[PDB]
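**Student:** Protein chains in written order, with PDB author numbering: chain C, 262 to 314; chain L, 36 to 556; chain X, 80 to 562; chain D, 282 to 422; chain Y, 266 to 315; chain R, 39 to 53. C-beta atoms are modelled at their ideal positions from N, C-alpha and C, and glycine is treated no differently. A single structure is presented below for examination.
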Amino acid sequence: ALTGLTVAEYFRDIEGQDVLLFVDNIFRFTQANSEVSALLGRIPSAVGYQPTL
Amino acid sequence: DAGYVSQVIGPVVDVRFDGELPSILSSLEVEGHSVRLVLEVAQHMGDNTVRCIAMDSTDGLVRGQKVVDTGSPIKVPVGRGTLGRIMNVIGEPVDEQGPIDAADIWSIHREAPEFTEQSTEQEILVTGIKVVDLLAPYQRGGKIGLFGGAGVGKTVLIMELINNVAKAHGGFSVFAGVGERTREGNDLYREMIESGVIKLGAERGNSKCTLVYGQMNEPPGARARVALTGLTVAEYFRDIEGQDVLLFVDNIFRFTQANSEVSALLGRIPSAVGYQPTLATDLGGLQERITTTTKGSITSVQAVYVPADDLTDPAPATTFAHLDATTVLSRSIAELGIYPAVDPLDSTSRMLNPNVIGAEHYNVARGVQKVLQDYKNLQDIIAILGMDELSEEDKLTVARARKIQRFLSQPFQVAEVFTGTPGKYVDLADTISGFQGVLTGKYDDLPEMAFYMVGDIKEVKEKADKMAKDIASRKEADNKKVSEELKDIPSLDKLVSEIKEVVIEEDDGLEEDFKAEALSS
Amino acid sequence: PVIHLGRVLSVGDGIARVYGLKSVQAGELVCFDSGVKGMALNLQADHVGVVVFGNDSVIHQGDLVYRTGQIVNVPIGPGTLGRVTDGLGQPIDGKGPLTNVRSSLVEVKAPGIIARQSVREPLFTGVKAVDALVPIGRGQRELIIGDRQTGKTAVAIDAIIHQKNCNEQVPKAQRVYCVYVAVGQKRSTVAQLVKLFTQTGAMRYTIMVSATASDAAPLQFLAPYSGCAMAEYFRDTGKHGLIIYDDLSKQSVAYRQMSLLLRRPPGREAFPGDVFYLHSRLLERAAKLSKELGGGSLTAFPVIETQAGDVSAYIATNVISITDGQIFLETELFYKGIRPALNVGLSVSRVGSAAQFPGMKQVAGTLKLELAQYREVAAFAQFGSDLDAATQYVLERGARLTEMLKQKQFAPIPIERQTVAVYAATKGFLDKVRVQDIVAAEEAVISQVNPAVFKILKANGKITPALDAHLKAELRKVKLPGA
Amino acid sequence: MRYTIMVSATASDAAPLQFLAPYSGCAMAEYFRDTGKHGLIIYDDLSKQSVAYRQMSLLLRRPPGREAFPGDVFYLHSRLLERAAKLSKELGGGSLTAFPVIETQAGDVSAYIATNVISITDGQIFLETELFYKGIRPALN
Amino acid sequence: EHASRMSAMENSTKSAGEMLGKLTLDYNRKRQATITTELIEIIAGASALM
Amino acid sequence: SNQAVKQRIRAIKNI
Ligand SMILES: Nc1ncnc2c1ncn2[C@@H]1O[C@H](COP(=O)(O)OP(=O)(O)OP(=O)(O)O)[C@@H](O)[C@H]1O
Ligand SMILES: Nc1ncnc2c1ncn2[C@@H]1O[C@H](COP(=O)(O)OP(=O)(O)O)[C@@H](O)[C@H]1O
Ligand SMILES: [Mg+2]
């Protein structure tokens, strides 16, 4: 998702135009950090999510 | 010698002592702090280190700060010199009136009395609140619990309990403000200057109450020990001076809540509702000291906050086994406008045996509870159908219970600013006489709103004829008063010229006020 | 000026473990050598745990941590009025440094019992659902608890906008200076409120303390306390404040992040044990001071978001215990066309009518009683069983009264206009009117009734008998729609 | 009192005293069973005993269960309640009748400790608070 | 009238048994989910200390 | 939110 913003942010900041950003399943970015946060040694937050949600 | 701080995590401080660790529950003082910071040893961590809870904030503590052991627990002034004063958790005066006289300061930690010096005597404490003195009557010398969620009337009821039984009785009083609003602790203080309970100045010795306040801004170590400080003032009046003493505790829930805020930092695994594992025994150590002994008597009134109108929750549910009278306040009674919002079924007392309060009080109370329970089993079908198919035996008990429901409502003398009506003190004989009339059909002809917010049954008849006159007097102001009065209502610009205009400055004063505070101090 | 030095042991997830710094205080501002600040929260025996005020990417292992000697503080004073600051003091509106200001601590002991007096004077919201049913005095903390989009922010913004309308008409002493603390919000959302407050003119009296969602979790935990410290300047120097903590629900989530990453053991819903103390430390600083301490006040409006009307939530139950009143906002009342969607059966004010307008203390007493009679008779005609024609009278009058309490989102009515509007609905003068155009009938009742009869009700504060008849004799010389 | 023993571990007593008091009262009551006489053991609050045993186990850092209770908290109450027997004729023929008392909250028998003691005991005497306000006494369901 | 109310009040006990059946399935799901939620809150607070 | 679904089973069972 950060790779997709960076392409959209270049057209906004440098090219200076209107961009249409479509992100499919934005929750997956949250879910993938929650698969990782268990292995980074972090106490789990409510519903087993990463504390830094 | 003196210990030094080794760890500060929140309100929990670890102090390392090189040689002769202090006892558990003993008081420690951190010197060099900005304010007086008292720690209390919760446990021995093991490597010559104690783990402590702070009675004040730990902001500004440094690892290595010197800690001095007092060789004793937290000692507060108790005696006649505290009557009319407000105390801290650690016995400091917070009422801005000198130091406390402090004849024989006492430790706030002791044991429950014994099993041998327990008093098996039951006499009714007449409160004047007619829902209390009918269905769940209080015991003179027993524990009273006021349950209910946020905003049902726990304070309004404990305030009406103060000026009804503590305003004129034989002994002294202690209010333990445990983890509540500072605003209502100031409202309680100024109410008792005006009613002469607390006297200031040279008339201080004629006071009849001691405030001990540990309100919500204080840390969890402070609020966990305020009830023990309010106990210790009340235990001096019972054990040493041998006299009766009233003890009002606003939200004993906050004692259990404060112990749970430090519990996980003390190294304890959490319980079922996230409470401390020692929740029933921390509460049990406090309540078993609030007893009537062979020396004196402590009549305790404790408000108990239930968290989400939930008596299932373990902090109210543990408190239920400790009390002799559990006045349960309900939100559904409060939303109906009936105040005090006492649940008439859920309120239970141990003074409701027939061989204790007689048979003429027990059968009226058992009869009122029967009509109010039948109405609740009918209200399942009234709200669906509408009171036409009950064959007029169950229609009579709907109108009898609706009169009984309003007749449990009563204007309080402390809710004159809220309700807008003067308060009523109902005697015990007038409560039994009134409810036996509504139960046996002696007052079926009166309207059901003539029972609402009245004193006794002679004020229902005083209000029912008043109500009839009020609606027969509606058809008289439909003739005149629209045009051409006798000039007691003048013209509009007559009233605009009497308006005394203020000076609207339009500068805000601010930047010259700030520099004026800068050149000052 | 000897400066103690701490070597960073490890840095991760916005938390840095620091070796050394034995002299550092608990809650002390530290300084990393990358320029980013920090706060020493848990002083353990072997290391210090530091929450990082910013992005922890610039901190490496073995970086030098300097302590600043000082507990965390913010610039307070009149120079913060009009400016948009971040979570601890620093302005983010691009208008230079904060001139004419003074640095004070963000964690102050709340004023005790002997420093208070009774909350007696009213703080008018301008929302007539609030100022009639759940009125708010100066020095009273009132919760705006509701659902995800129930207009909770709108109720709070209308309190701020209305103070600008009141500050132009009152003397210099009884002027209310607002502070709006936005915790965990969008930065676009905050910029729409500064745009609204300069267009309204409310930005002359408003401080905007912004800890957005991009900010570090110790910047959003700390922003209610830093905004309260800016708001406590006016309370401590005799003036009147109004602090709004929009989403204290989002402050507790930012405090749960630091607690879980400083390894503190989790409680209910993975929340810290002292979470109650997180909000009771903050909300008890909203006080009405005594006249020995200036007489100043600070009125708080915490905002708590519920999930599905679940007020039995951990953080929601804590703040209902702390605050005096409660403005409960319901989702199904919002879509029934009742705006603001205030649950009158669940919204209380613990100060009550002691600190409300006397010109509405006598008029809105029958308003909340007729609405209490309206509630249970609408549950029974929901089915369609039968009618009584005295049940149908309170079912018809309360439908005028519910339609009377509706208000425009960005327009806050003055207290004198609200009492006249409630008088015209509670004295029967808005009967003979269809239930649908009462939202448009009361524009006639405010405009056609004389502009000099509001001045008498404002100056007296009460409908005198020489005005109680004169305005009901003007509530007949008005032309209502339909009629 | 000429036939009653009272074993009292009250609220101010330590959690090991309240845990061991049903076992202390049962051993006093097992004297009559083992010598051919008949006993009647009543536990005023079995649920209160399990709260005291949950306190010691969480503090001894034994792993927590469904309601933070220990894993053997079924073995806590079954080992106690299976001591109430009717003995055979070659052991004197004595007996011990148990009456454990379990306090439910809002009348649910789906609670962890309430499901355990319902499994161990033979019957149950359910007392309903709705029947208690209807005049019925004992409010037996 | 009485024979159409009889067929109407048997179509509303069907509807209040089909609604009650979907509401007990919804309650048993919430009963199971709240025992799992309160248990995970206990293990997390214990793993943070052990 | 587990008592709101339990008080609805109170409603539908008496209806
Ligand atoms: N009284 C009202 N009349 C009309 N629209 C309103 C009213 N109050 C709020 N709204 C609108 O409804 C929407 C939701 O209101 P608002 O954003 O203030 O709610 P909120 O509780 O702050 O929600 P959020 O969770 O987004 O913060 C907005 O578009 C707002 O302008
Ligand atoms: N006896 C009463 N008469 C009238 N109003 C009451 C009464 N008790 C409570 N109220 C109203 O309900 C509110 C709740 O009372 P309070 O003592 O603050 O409850 P709690 O302490 O349980 O939250 C009061 O502020 C008041 O508005
Ligand atoms: Mg209270």
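#1: Among all the DSSP beta bridges, which residues are the ones paired with residue 557 of chain L?
#2: So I368 of chain L packs on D378 of chain L, CB below 8 Å; how close in whole Å?
#3: Can you confirm whether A259 of chain L, when its beta carbon is compared against all beta carbons of chain D, has any partner nearer than 8 Å?
#4: Could you tell me the alpha carbon to alpha carbon distance between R496 of chain X and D345 of chain L, rounded to whole angstroms?
#5: In chain order, what residues of the same chain lie with their CB nearer than 6 Å to the CB of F288 of chain L, ignoring the 5 residues before and after it?
#6: Mind pulling the chain X residues with CB within less than 7 Å of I275 of chain C?
#7: Residues near ligand 1, CB to any non-hydrogen atom under 5 Å, in chain order?
#8: DSSP three-state call for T385 of chain X: helix, strand or coil?
#9: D226 of chain X versus chain R: which residues are under 9 Å apart at the beta carbon?
#10: What does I304 of chain L reach in chain Y if we use C-beta pairs closer than 9 Å?
#11: Three Cβ pairs or more, each shorter than 8 Å: is that satisfied between the stretch 532 to 543 of chain L and the stretch 92 to 104 of chain X?
#12: Taking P255 of chain L as part of the alpha helix (DSSP H), name the residues at either end of that continuous run.
#13: Relative to chain B, which residues along the stretch 288 to 322 of chain L have a C-beta separation below 7 Å, given in chain order?
#14: Within the present structure, is the beta-carbon of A450 of chain L separated from the nearest heavy atom of ligand 5 by less than 7 Å?
#15: Measuring straight from C-alpha to C-alpha, what distance separates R343 of chain X and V97 of chain L?
#16: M483 of chain X to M118 of chain X, Cα distance in whole Å?
#17: Nearest chain D C-beta to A436 of chain L closer than 8 Å, yes or no?
#18: Exposed or buried, which one is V153 of chain X when buried takes at least 16 other CB atoms within 10 Å?
#19: Which bits of chain L does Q330 of chain D rub up against, with CB to CB less than 7 Å?
#20: In this structure, how does DSSP classify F407 of chain X when only helix, strand and coil are distinguished?
#21: Between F442 of chain L and ligand 2, is there a pair consisting of the residue's CB and a ligand heavy atom that are separated by less than 7 Å?
#22: Looking only at C-alpha atoms, which of L:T267, L:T291 and L:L321 sits nearest to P255 of chain L?
#23: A119 of chain X by DSSP, collapsed to three states: which one?
#24: Expressed to the nearest angstrom, what Euclidean distance is found between the alpha-carbon atoms of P446 of chain L and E219 of chain L?
#25: At the level of alpha carbons, what is the spacing between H357 of chain L and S295 of chain L?
#26: For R347 of chain X, go through chain Y and note every residue whose CB falls closer than 9 Å to its CB, in chain order.
#27: Taking the straight line between their C-alpha atoms, what separation do you get for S58 of chain L and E276 of chain L?
#28: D542 of chain L: which of X:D125, X:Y284, X:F132 and X:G416 sits nearest, CA to CA?
#29: Mapping DSSP to helix, strand and coil, what is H241 of chain X?
#30: In chain R, which residues lie with their C-beta within 8 Å of the C-beta of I419 of chain L?
#31: Identify, in the order they occur along the chain, each residue of the same chain with its Cβ nearer than 8 Å to the Cβ of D112 of chain X, setting aside the five sequence neighbours on each side.
#32: Hey, is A443 of chain X's beta-carbon within less than 8 Å of any beta-carbon in chain R?
#33: List, in order along the chain, the chain R residues whose C-beta lies closer than 9 Å to that of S391 of chain X?
#34: Taking only heavy atoms of ligand 2 into account, decide whether any of them is closer than 7 Å to the Cβ of residue 60 of chain X.
#35: Suppose contacts are defined by Cβ-Cβ distances below 8 Å. Is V198 of chain X in contact with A434 of chain X by that definition?
#36: Run the CB neighbour count on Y324 of chain D, radius 10 Å, all protein chains shown included, and call it buried at 16 or more, exposed below.
**Tutor:** In short:
#1: A question about residue 557 of chain L goes unanswered here, because the residues of chain L that appear run from 36 up to 556.
#2: 6 Å
#3: no
#4: 42 Å
#5: So the qualifying residues of the chain are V339, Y340 and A350.
#6: Ordered by position in chain X, no residue passes the 7 Å Cβ test against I275 of chain C, which lies about 21 Å from the chain.
#7: X:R227, X:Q228, X:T229, X:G230, X:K231, X:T232, X:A233, X:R418, X:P419 and X:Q488
#8: coil
#9: None at all; the shortest Cβ gap to chain R is about 13 Å.
#10: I307, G310, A311, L314 and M315
#11: no
#12: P255 to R258
#13: Among the protein chains in the structure shown, which are C, L, X, D, Y and R, there is no chain B.
#14: In terms of ligand content, the structure shown lacks ligand 5 and carries ligand 1, ligand 2 and ligand 3 instead.
#15: 20 Å
#16: The C-alpha of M483 of chain X lies about 51 Å from the C-alpha of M118 of chain X.
#17: no
#18: buried
#19: Residues of chain L passing the Cβ test: none, with the nearest at roughly 11 Å.
#20: strand
#21: no
#22: L:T291
#23: strand
#24: 20 Å
#25: Cα to Cα, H357 of chain L sits roughly 20 Å from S295 of chain L.
#26: What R347 of chain X touches in chain Y: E303 and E306.
#27: 29 Å
#28: X:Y284
#29: helix
#30: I53
#31: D142, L143, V144 and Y145.
#32: Chain R contact via Cβ: absent.
#33: Taking a Cβ-Cβ threshold of 9 Å, the residues of chain R close to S391 of chain X are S39, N40, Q41 and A42, in chain order.
#34: Outside the shown range of chain X (80 to 562) lies residue 60 of chain X, about which nothing can therefore be said.
#35: yes
#36: Classification for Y324 of chain D: buried.
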